[PDB]
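Below is one structure; the comments refer to it alone.
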There are 2 protein chains.
Amino acid sequence: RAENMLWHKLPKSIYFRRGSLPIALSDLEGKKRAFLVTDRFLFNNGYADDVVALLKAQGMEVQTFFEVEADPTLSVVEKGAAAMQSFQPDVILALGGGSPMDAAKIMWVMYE
Amino acid sequence: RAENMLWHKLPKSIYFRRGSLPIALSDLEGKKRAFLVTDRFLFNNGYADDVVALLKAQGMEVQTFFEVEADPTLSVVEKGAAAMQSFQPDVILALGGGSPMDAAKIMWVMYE
């Protein structure tokens with residue numbers, strides 16, 4: 001007979017406004033390698049260009065990965081993992097809605 | 001002319017119940033050196049004994065510091081900093097209410 005543990009834990013760091021992006025990423029000093037996780041629709045739009053330009057702003061070796069559809073598959077996850085672990089990036093950029101981010105996380109940890 | 005940043009940031013990890021202590025500190029594996037920050041009243045009570053016993057539970061090189069009164073002083077802060085930086089602890093244990101904790105923080109960073 002005994003009692004339990006309940007929980008409340010949060011990510012440490014969050015930003016929120018219009019035009020956050022530049023002032024949000026301003027504090028990104030010497031993190032050197034970067035990797036993009038996104039979808040080809042959004043990457044197709046004039047959106048990824050913005051962030052890679054801001055990555056050039058101090059100049060990062062990056063590569064866009066827009067190769068996830070509506071779901072994590074067990075098929076993109078390993079190609080993305082293999083590609084980035086070929087790259088050995090040191091910062092991972094999750095973009096978008098639903099599938100792009102979490103699959104990244106997964107293959108992210110697969111890099112670890 | 002431009003807009004600003006507002007904020008919301010939190011410590012990552014918190015526990016909350018009755019008898020948290022053992023199940024809270026259970027996840028404290030190989031952190032090896034420990035330092036106590038407390039007051040001589042509370043240390044005088046049968047309270048510090050409990051935590052140092054649980055520190056022995058896997059066995060930590062620790063030392064109690066109960067030498068702060070109702071306030072940070074500019075006098076205890078440096079003796080505590082000097083003592084711990086003689087010890088080089090790697091985990092700092094803040095105990096109590098008001099003055100004991102924050103002064104620690106201060107001299108904590110003075111160690112850094």
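In the structure tokens, the first chain shown is A, the next is B, and so on; residue numbers restart at 1 for each chain, and ligands run from 1 in the order shown.
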List the spatial neighbours of residue 68 of chain A as a PyMOL selection string - criterion: any atom at most 9 Å away, only C-alpha atoms, same-chain residues fewer than 4 positions off excluded. chain A and resi 37-40+72-73+76-77+99-100+103
List every residue of chain B that DSSP, applied to the backbone of this structure, assigns to alpha helix (DSSP H), and report them as a ChimeraX atom specification. /B:20-25,40-44,48-56,76-87,99-111
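Near chain B, counting only C-alpha atoms at 10 Å, the chain A residues are residues 2, 3, 4, 5, 6, 7, 8, 9, 10, 11, 12, 13, 14, 15, 16, 17, 18, 19, 20, 23 and 24 of chain A.
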Filtering to C-alpha atoms, could you give me those residues as a CSV table (one decimal), in the first residue's frame?
chain,number,residue,atom,x,y,z
A,2,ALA,CA,1.3,3.4,-1.1
A,3,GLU,CA,0.6,6.6,-3.1
A,4,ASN,CA,1.6,7.8,-6.5
A,5,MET,CA,3.2,10.6,-8.6
A,6,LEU,CA,1.3,13.1,-10.7
A,7,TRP,CA,3.1,15.5,-13.0
A,8,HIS,CA,3.4,18.8,-14.8
A,9,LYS,CA,6.4,19.4,-17.0
A,10,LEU,CA,6.9,21.9,-19.9
A,11,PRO,CA,9.4,22.8,-22.6
A,12,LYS,CA,11.6,25.5,-21.3
A,13,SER,CA,11.6,28.1,-24.0
A,14,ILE,CA,8.8,29.6,-26.1
A,15,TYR,CA,8.2,32.8,-28.1
A,16,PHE,CA,4.9,34.3,-29.3
A,17,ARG,CA,4.3,37.2,-31.8
A,18,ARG,CA,4.0,38.5,-35.3
A,19,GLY,CA,7.5,38.7,-36.6
A,20,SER,CA,8.9,36.5,-33.9
A,23,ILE,CA,13.9,38.3,-33.0
A,24,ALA,CA,13.3,34.7,-32.0
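Distances to residue 53 of chain A were evaluated for A:95, A:104, A:110, A:21 using only C-alpha atoms, and the minimum falls at A:21.
Counting from atom CA of residue 27 of chain B, the distance to atom CA of residue 51 of chain B is 14.4 Å.
One finds atom CA of residue 108 of chain A at 9.3 Å from atom CA of residue 85 of chain A.
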Please, can I see chain A fitted onto chain B by all in-order Cα atoms (least squares), as a compact mmCIF listing (two decimals) with N, CA and C atoms, in the first residue's frame?
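superposed.txt, freshly written:
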# COMPACT_ATOMS: atom_id res chain seq x y z
N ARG A 1 10.20 52.65 -35.15
CA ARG A 1 8.94 52.04 -34.79
C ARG A 1 8.90 50.53 -34.95
N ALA A 2 8.63 49.83 -33.85
CA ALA A 2 8.53 48.38 -33.87
C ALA A 2 7.87 47.86 -32.59
N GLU A 3 7.58 46.55 -32.61
CA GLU A 3 6.90 45.84 -31.53
C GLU A 3 7.89 45.03 -30.70
N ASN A 4 7.40 44.39 -29.64
CA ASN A 4 8.22 43.92 -28.52
C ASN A 4 8.16 42.40 -28.39
N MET A 5 8.74 41.86 -27.31
CA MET A 5 8.61 40.46 -26.90
C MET A 5 8.07 40.32 -25.49
N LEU A 6 6.99 39.55 -25.37
CA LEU A 6 6.52 39.11 -24.07
C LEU A 6 6.84 37.62 -23.91
N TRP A 7 6.61 37.11 -22.70
CA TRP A 7 7.38 35.97 -22.25
C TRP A 7 6.55 35.02 -21.41
N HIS A 8 6.92 33.74 -21.45
CA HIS A 8 6.45 32.81 -20.43
C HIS A 8 7.40 31.61 -20.42
N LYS A 9 8.17 31.48 -19.34
CA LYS A 9 9.18 30.45 -19.24
C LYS A 9 9.10 29.82 -17.87
N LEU A 10 9.39 28.53 -17.78
CA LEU A 10 9.19 27.78 -16.55
C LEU A 10 10.34 26.83 -16.31
N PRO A 11 10.64 26.52 -15.05
CA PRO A 11 11.55 25.41 -14.77
C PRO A 11 10.98 24.13 -15.35
N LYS A 12 11.88 23.24 -15.76
CA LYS A 12 11.44 22.08 -16.52
C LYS A 12 10.76 21.03 -15.66
N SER A 13 11.21 20.84 -14.42
CA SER A 13 10.90 19.62 -13.69
C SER A 13 10.43 19.92 -12.28
N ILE A 14 9.26 19.39 -11.93
CA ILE A 14 8.63 19.62 -10.64
C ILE A 14 7.91 18.35 -10.19
N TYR A 15 7.89 18.12 -8.89
CA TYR A 15 7.14 17.03 -8.28
C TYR A 15 6.22 17.57 -7.20
N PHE A 16 5.14 16.83 -6.91
CA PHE A 16 4.16 17.29 -5.94
C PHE A 16 3.26 16.17 -5.41
N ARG A 17 3.57 15.74 -4.18
CA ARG A 17 2.92 14.95 -3.12
C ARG A 17 3.71 14.70 -1.86
N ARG A 18 2.89 14.45 -0.84
CA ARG A 18 3.16 13.64 0.32
C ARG A 18 4.17 12.57 -0.07
N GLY A 19 5.24 12.46 0.69
CA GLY A 19 6.22 11.42 0.43
C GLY A 19 6.80 11.51 -0.95
N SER A 20 6.84 12.71 -1.52
CA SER A 20 7.56 12.87 -2.76
C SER A 20 9.00 12.45 -2.60
N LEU A 21 9.59 12.85 -1.47
CA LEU A 21 11.04 12.88 -1.35
C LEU A 21 11.67 11.61 -1.90
N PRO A 22 11.38 10.42 -1.37
CA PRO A 22 12.11 9.25 -1.85
C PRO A 22 11.86 9.00 -3.32
N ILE A 23 10.60 9.07 -3.74
CA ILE A 23 10.27 8.78 -5.12
C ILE A 23 10.70 9.93 -6.01
N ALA A 24 10.84 11.13 -5.44
CA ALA A 24 11.35 12.25 -6.21
C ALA A 24 12.83 12.08 -6.50
N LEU A 25 13.61 11.79 -5.47
CA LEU A 25 15.05 11.69 -5.60
C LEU A 25 15.49 10.34 -6.12
N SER A 26 14.57 9.39 -6.28
CA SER A 26 14.93 8.09 -6.81
C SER A 26 15.65 8.22 -8.14
N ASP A 27 15.27 9.21 -8.94
CA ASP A 27 15.80 9.40 -10.29
C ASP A 27 17.07 10.16 -10.30
N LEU A 28 17.81 10.13 -9.20
CA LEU A 28 19.07 10.86 -9.04
C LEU A 28 20.30 9.94 -9.15
N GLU A 29 20.66 9.43 -10.33
CA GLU A 29 21.51 8.24 -10.38
C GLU A 29 22.95 8.53 -9.98
N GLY A 30 23.72 9.11 -10.91
CA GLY A 30 25.16 9.21 -10.81
C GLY A 30 25.66 10.60 -10.54
N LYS A 31 24.75 11.56 -10.38
CA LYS A 31 25.17 12.84 -9.86
C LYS A 31 25.91 12.56 -8.56
N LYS A 32 27.18 12.94 -8.49
CA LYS A 32 28.01 12.38 -7.43
C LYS A 32 28.17 13.35 -6.26
N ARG A 33 28.53 14.60 -6.50
CA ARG A 33 28.72 15.48 -5.36
C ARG A 33 27.49 16.33 -5.11
N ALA A 34 27.26 16.59 -3.83
CA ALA A 34 26.04 17.25 -3.41
C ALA A 34 26.43 18.25 -2.35
N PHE A 35 25.63 19.30 -2.26
CA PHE A 35 25.83 20.34 -1.28
C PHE A 35 24.47 20.74 -0.73
N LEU A 36 24.44 20.96 0.57
CA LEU A 36 23.23 21.37 1.26
C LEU A 36 23.25 22.86 1.53
N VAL A 37 22.13 23.51 1.25
CA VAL A 37 21.86 24.88 1.67
C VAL A 37 20.57 24.87 2.47
N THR A 38 20.65 25.40 3.68
CA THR A 38 19.61 25.31 4.70
C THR A 38 19.92 26.33 5.79
N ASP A 39 19.08 26.33 6.83
CA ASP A 39 19.18 27.15 8.02
C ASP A 39 19.40 26.29 9.26
N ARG A 40 20.09 26.87 10.24
CA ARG A 40 20.41 26.10 11.44
C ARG A 40 19.18 25.75 12.25
N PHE A 41 18.09 26.51 12.12
CA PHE A 41 16.87 26.08 12.80
C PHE A 41 16.35 24.78 12.21
N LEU A 42 16.19 24.76 10.89
CA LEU A 42 15.64 23.59 10.22
C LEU A 42 16.61 22.43 10.25
N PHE A 43 17.88 22.70 9.96
CA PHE A 43 18.91 21.68 10.15
C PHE A 43 18.92 21.19 11.59
N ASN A 44 18.65 22.09 12.53
CA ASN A 44 18.56 21.69 13.93
C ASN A 44 17.42 20.70 14.13
N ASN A 45 16.30 20.92 13.45
CA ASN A 45 15.21 19.96 13.52
C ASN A 45 15.60 18.67 12.81
N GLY A 46 14.85 17.62 13.10
CA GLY A 46 15.09 16.34 12.47
C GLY A 46 14.61 16.31 11.04
N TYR A 47 15.14 17.21 10.22
CA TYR A 47 14.77 17.31 8.82
C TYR A 47 15.94 17.04 7.89
N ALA A 48 17.06 17.73 8.11
CA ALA A 48 18.22 17.53 7.25
C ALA A 48 18.69 16.09 7.31
N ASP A 49 18.74 15.53 8.52
CA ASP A 49 19.07 14.12 8.71
C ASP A 49 18.37 13.23 7.69
N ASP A 50 17.10 13.50 7.43
CA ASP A 50 16.33 12.67 6.51
C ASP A 50 16.95 12.69 5.12
N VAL A 51 17.24 13.89 4.61
CA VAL A 51 17.76 14.00 3.26
C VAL A 51 19.19 13.50 3.17
N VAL A 52 20.02 13.74 4.19
CA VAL A 52 21.37 13.20 4.06
C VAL A 52 21.34 11.68 4.13
N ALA A 53 20.42 11.12 4.91
CA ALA A 53 20.26 9.67 4.91
C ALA A 53 19.86 9.18 3.53
N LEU A 54 18.90 9.85 2.91
CA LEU A 54 18.52 9.47 1.56
C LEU A 54 19.64 9.73 0.56
N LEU A 55 20.58 10.60 0.92
CA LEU A 55 21.72 10.82 0.04
C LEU A 55 22.70 9.67 0.17
N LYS A 56 22.88 9.19 1.40
CA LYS A 56 23.61 7.96 1.63
C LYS A 56 22.93 6.79 0.95
N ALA A 57 21.62 6.89 0.69
CA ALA A 57 20.88 5.76 0.15
C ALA A 57 21.58 5.17 -1.06
N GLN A 58 22.13 6.01 -1.92
CA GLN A 58 23.12 5.53 -2.88
C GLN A 58 24.50 6.07 -2.58
N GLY A 59 24.59 7.06 -1.70
CA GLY A 59 25.84 7.42 -1.05
C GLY A 59 26.54 8.57 -1.72
N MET A 60 26.36 9.77 -1.18
CA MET A 60 26.85 11.00 -1.80
C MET A 60 27.79 11.70 -0.85
N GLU A 61 28.87 12.26 -1.38
CA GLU A 61 29.72 13.14 -0.60
C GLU A 61 29.07 14.52 -0.52
N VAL A 62 28.61 14.86 0.69
CA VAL A 62 27.77 16.02 0.92
C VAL A 62 28.31 16.79 2.12
N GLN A 63 27.82 18.01 2.27
CA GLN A 63 28.06 18.77 3.48
C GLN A 63 26.92 19.76 3.67
N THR A 64 26.38 19.78 4.88
CA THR A 64 25.30 20.69 5.22
C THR A 64 25.85 22.10 5.39
N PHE A 65 25.10 23.07 4.91
CA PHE A 65 25.40 24.47 5.15
C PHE A 65 24.13 25.13 5.66
N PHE A 66 24.11 25.40 6.96
CA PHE A 66 22.98 25.97 7.66
C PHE A 66 23.26 27.37 8.19
N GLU A 67 24.09 28.14 7.48
CA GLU A 67 24.68 29.35 8.04
C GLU A 67 24.11 30.62 7.41
N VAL A 68 22.82 30.64 7.13
CA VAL A 68 22.14 31.83 6.63
C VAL A 68 21.00 32.18 7.58
N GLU A 69 20.90 33.46 7.95
CA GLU A 69 19.78 33.87 8.78
C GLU A 69 18.67 34.40 7.88
N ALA A 70 17.87 35.32 8.40
CA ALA A 70 16.70 35.77 7.66
C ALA A 70 17.04 36.45 6.34
N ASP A 71 18.31 36.66 6.00
CA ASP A 71 18.57 37.44 4.80
C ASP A 71 19.89 37.08 4.13
N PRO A 72 19.97 37.26 2.81
CA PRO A 72 21.29 37.35 2.16
C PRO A 72 22.01 38.61 2.59
N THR A 73 23.32 38.48 2.82
CA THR A 73 24.05 39.43 3.65
C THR A 73 25.20 40.13 2.96
N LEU A 74 25.80 39.49 1.95
CA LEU A 74 27.12 39.79 1.39
C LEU A 74 28.22 39.25 2.29
N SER A 75 27.88 38.49 3.33
CA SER A 75 28.84 37.92 4.26
C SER A 75 28.81 36.40 4.26
N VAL A 76 27.63 35.79 4.34
CA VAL A 76 27.59 34.34 4.20
C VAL A 76 27.83 33.95 2.76
N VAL A 77 27.39 34.79 1.83
CA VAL A 77 27.39 34.40 0.42
C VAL A 77 28.79 33.98 0.00
N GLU A 78 29.79 34.77 0.38
CA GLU A 78 31.15 34.43 -0.03
C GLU A 78 31.74 33.29 0.77
N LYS A 79 31.42 33.13 2.06
CA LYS A 79 31.97 31.97 2.74
C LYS A 79 31.39 30.69 2.17
N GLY A 80 30.08 30.69 1.91
CA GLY A 80 29.48 29.52 1.29
C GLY A 80 30.06 29.25 -0.08
N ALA A 81 30.23 30.30 -0.88
CA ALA A 81 30.84 30.11 -2.19
C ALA A 81 32.23 29.52 -2.07
N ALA A 82 33.04 30.07 -1.17
CA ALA A 82 34.40 29.59 -1.00
C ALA A 82 34.41 28.14 -0.52
N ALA A 83 33.55 27.81 0.44
CA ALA A 83 33.52 26.46 0.97
C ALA A 83 33.15 25.46 -0.11
N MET A 84 32.08 25.74 -0.84
CA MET A 84 31.66 24.77 -1.85
C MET A 84 32.68 24.70 -2.98
N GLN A 85 33.24 25.84 -3.41
CA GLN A 85 34.24 25.77 -4.46
C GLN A 85 35.51 25.11 -3.97
N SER A 86 35.70 25.03 -2.65
CA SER A 86 36.71 24.12 -2.14
C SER A 86 36.24 22.68 -2.33
N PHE A 87 34.95 22.45 -2.15
CA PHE A 87 34.40 21.11 -2.28
C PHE A 87 34.23 20.72 -3.74
N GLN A 88 33.97 21.69 -4.61
CA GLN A 88 33.55 21.45 -5.99
C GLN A 88 32.35 20.52 -6.07
N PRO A 89 31.24 20.81 -5.40
CA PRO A 89 30.07 19.93 -5.56
C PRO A 89 29.52 20.04 -6.97
N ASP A 90 28.75 19.03 -7.34
CA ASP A 90 28.16 19.04 -8.67
C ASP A 90 26.64 19.07 -8.63
N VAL A 91 26.03 18.97 -7.45
CA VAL A 91 24.60 19.17 -7.29
C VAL A 91 24.38 20.03 -6.06
N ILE A 92 23.47 20.99 -6.16
CA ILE A 92 23.20 21.92 -5.08
C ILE A 92 21.76 21.73 -4.64
N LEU A 93 21.58 21.56 -3.34
CA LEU A 93 20.29 21.29 -2.72
C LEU A 93 19.84 22.49 -1.92
N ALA A 94 18.82 23.17 -2.42
CA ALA A 94 18.27 24.34 -1.77
C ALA A 94 17.11 23.91 -0.89
N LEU A 95 17.15 24.32 0.38
CA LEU A 95 16.16 23.87 1.35
C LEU A 95 15.50 25.09 1.96
N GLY A 96 14.19 25.00 2.20
CA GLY A 96 13.57 25.98 3.08
C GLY A 96 12.71 27.09 2.50
N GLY A 97 12.81 28.28 3.10
CA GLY A 97 11.94 29.39 2.78
C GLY A 97 12.64 30.74 2.73
N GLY A 98 12.53 31.39 1.58
CA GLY A 98 13.14 32.69 1.37
C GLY A 98 14.65 32.65 1.32
N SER A 99 15.28 33.32 2.28
CA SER A 99 16.70 33.61 2.19
C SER A 99 17.58 32.40 1.87
N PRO A 100 17.38 31.22 2.46
CA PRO A 100 18.31 30.12 2.16
C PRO A 100 18.46 29.82 0.69
N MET A 101 17.38 29.87 -0.07
CA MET A 101 17.47 29.37 -1.44
C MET A 101 18.19 30.37 -2.35
N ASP A 102 17.64 31.56 -2.49
CA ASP A 102 18.17 32.53 -3.44
C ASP A 102 19.63 32.91 -3.20
N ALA A 103 20.01 33.15 -1.95
CA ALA A 103 21.42 33.38 -1.65
C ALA A 103 22.27 32.25 -2.22
N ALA A 104 21.86 31.01 -1.97
CA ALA A 104 22.50 29.88 -2.62
C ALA A 104 22.66 30.15 -4.11
N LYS A 105 21.54 30.36 -4.81
CA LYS A 105 21.60 30.68 -6.23
C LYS A 105 22.73 31.64 -6.52
N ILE A 106 22.73 32.77 -5.81
CA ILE A 106 23.75 33.78 -6.00
C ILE A 106 25.13 33.16 -5.87
N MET A 107 25.45 32.64 -4.69
CA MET A 107 26.78 32.06 -4.52
C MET A 107 26.94 30.85 -5.41
N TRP A 108 25.84 30.19 -5.75
CA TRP A 108 25.91 29.14 -6.76
C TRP A 108 26.56 29.68 -8.01
N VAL A 109 26.02 30.78 -8.55
CA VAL A 109 26.57 31.32 -9.78
C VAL A 109 27.96 31.85 -9.52
N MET A 110 28.25 32.22 -8.28
CA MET A 110 29.59 32.70 -7.98
C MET A 110 30.59 31.57 -8.13
N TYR A 111 30.15 30.35 -7.86
CA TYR A 111 30.96 29.18 -8.16
C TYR A 111 31.19 29.04 -9.65
N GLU A 112 30.18 29.37 -10.45
CA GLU A 112 30.28 29.16 -11.88
C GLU A 112 31.33 30.09 -12.49
Taking the backbone alone, and naming residues the way the document does, which bits of segment 3-112 of chain B are strand (DSSP E) by DSSP, as a ChimeraX atom specification? /B:34-37,91-94
Once you have the residues from the selection above, write them out as a PDB file, in the first residue's frame, restricted to N, CA and C atoms.
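To be explicit, this is the file written out as part09.pdb:
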ATOM      1  N   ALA B  34      27.262  16.594  -3.831  1.00  0.00           N
ATOM      2  CA  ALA B  34      26.044  17.248  -3.408  1.00  0.00           C
ATOM      3  C   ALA B  34      26.426  18.250  -2.348  1.00  0.00           C
ATOM      4  N   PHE B  35      25.632  19.297  -2.262  1.00  0.00           N
ATOM      5  CA  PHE B  35      25.828  20.341  -1.282  1.00  0.00           C
ATOM      6  C   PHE B  35      24.475  20.745  -0.730  1.00  0.00           C
ATOM      7  N   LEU B  36      24.438  20.960   0.572  1.00  0.00           N
ATOM      8  CA  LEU B  36      23.234  21.371   1.264  1.00  0.00           C
ATOM      9  C   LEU B  36      23.253  22.862   1.525  1.00  0.00           C
ATOM     10  N   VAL B  37      22.125  23.509   1.251  1.00  0.00           N
ATOM     11  CA  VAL B  37      21.856  24.876   1.666  1.00  0.00           C
ATOM     12  C   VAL B  37      20.573  24.867   2.467  1.00  0.00           C
ATOM     13  N   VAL B  91      26.034  18.970  -7.452  1.00  0.00           N
ATOM     14  CA  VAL B  91      24.603  19.170  -7.288  1.00  0.00           C
ATOM     15  C   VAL B  91      24.383  20.033  -6.060  1.00  0.00           C
ATOM     16  N   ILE B  92      23.468  20.989  -6.163  1.00  0.00           N
ATOM     17  CA  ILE B  92      23.197  21.916  -5.080  1.00  0.00           C
ATOM     18  C   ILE B  92      21.758  21.730  -4.643  1.00  0.00           C
ATOM     19  N   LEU B  93      21.579  21.564  -3.340  1.00  0.00           N
ATOM     20  CA  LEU B  93      20.294  21.288  -2.724  1.00  0.00           C
ATOM     21  C   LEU B  93      19.837  22.491  -1.924  1.00  0.00           C
ATOM     22  N   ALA B  94      18.816  23.169  -2.423  1.00  0.00           N
ATOM     23  CA  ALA B  94      18.266  24.342  -1.771  1.00  0.00           C
ATOM     24  C   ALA B  94      17.110  23.911  -0.887  1.00  0.00           C
TER      25      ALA B  94
END
